[PDB]
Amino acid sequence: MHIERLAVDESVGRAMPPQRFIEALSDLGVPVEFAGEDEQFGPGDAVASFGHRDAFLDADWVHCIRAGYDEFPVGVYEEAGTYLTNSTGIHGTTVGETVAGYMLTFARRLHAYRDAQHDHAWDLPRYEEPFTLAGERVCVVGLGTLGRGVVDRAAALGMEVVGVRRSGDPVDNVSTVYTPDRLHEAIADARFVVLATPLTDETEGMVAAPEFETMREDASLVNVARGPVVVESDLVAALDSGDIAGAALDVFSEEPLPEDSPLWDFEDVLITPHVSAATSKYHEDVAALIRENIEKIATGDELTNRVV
């Protein structure tokens, strides 16, 4: 490909101010231009976007500004000869930190204290409530950029770490790596189970009633992956019945999470609005990927994070 222009779809506004991103790419060597909803594309065009538009199939290359590309019609890009790349590789620090934050919140009871802060109440925990992450077990399901960001911070905090990935291959700081057919073994003894997989045919509904049964009654589920990896109604039922203790949830089967979801109301559920990867430098972090792939295109190298 010969790229002559980078179009910035308005949908990037869902994660970052489009003008900040445009400005980050001012010395890219092609012009970088805001594109509205009904923009048309053609030869020489690269497009950066949150989601898919059929108009993009006229372009040479679409870069999805998310790691997750499950909302893109991948087979159609192949057909059209349009390259598609994603933003995997940039969310390890942000998500890793958020997840460390969730686990420390539960161990140290920070969320209960925040609730009491609204009441101006000096409410002391029950003696058995506060604990330390040091010496506790975490199972990280998915061991890529997100999962490793979680693993490394968990290990540094003194946690025991196991995990699950497709290949079963070793991962630094993970004591035992399981394949997905051994999910129950992986999750059974864990104080925290963290979900960091893409949404695929295989992962959809992976965590359901039987998994909540297997999990320790004192355990918490963390979902920073995609909502439908979990059977959300089963999660509610598990929380109600005490099959698990709680959950930190950044992603949901329907987003925004509807007001009537029971999930909002559990004391030991943390709801976050799909922001575990949020950062005031997202524009720069995505721009780096674009610059990298422009240089790879320019020199005939294989594209980074090429989906199809």
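Under this definition, the rigid core comprises the largest set of C-alpha atoms superposing within 1.5 Å between the forms. One-based numbering along the sequence shown.
Stretch 73-81 is the one, of 73-81 and 189-197, whose CA positions lie farther from the shown form in 5 other deposited structures of this protein once all structures are superposed by the rigid core. Take 38-46 and 276-284, fit the other structures onto the shown form by the rigid core, and average the C-alpha distances in 5 other deposited structures of this protein: the farther stretch is 38-46. The mean Cα B-factor in the deposited entry runs higher for 212-220 than for the other of 190-198 and 212-220. Relative to its counterpart among 44-52 and 272-280, 44-52 has the higher mean temperature factor, C-alpha atoms as listed in the PDB entry.
As recorded in the entry, 79 carries the highest CA temperature factor of 119, 234, 79, 97.
Of the residues listed, 243, 260, 58, 250, the entry assigns the biggest Cα temperature factor to 58. When all modelled residues of the chain are sorted by CA temperature factor, residue 74 is found within the highest third.
When the CA B factors of the chain's modelled residues are split into thirds, the value for residue 113 lands in the lowest one.
Sorting the modelled residues of the chain by their CA temperature factor places residue 225 in the lowest third.
In the deposited entry, the Cα temperature factor of residue 102 places it in the lowest third of its chain's modelled residues. Among the modelled residues of the chain, residue 127 sits in the middle third by CA temperature factor in this PDB entry.
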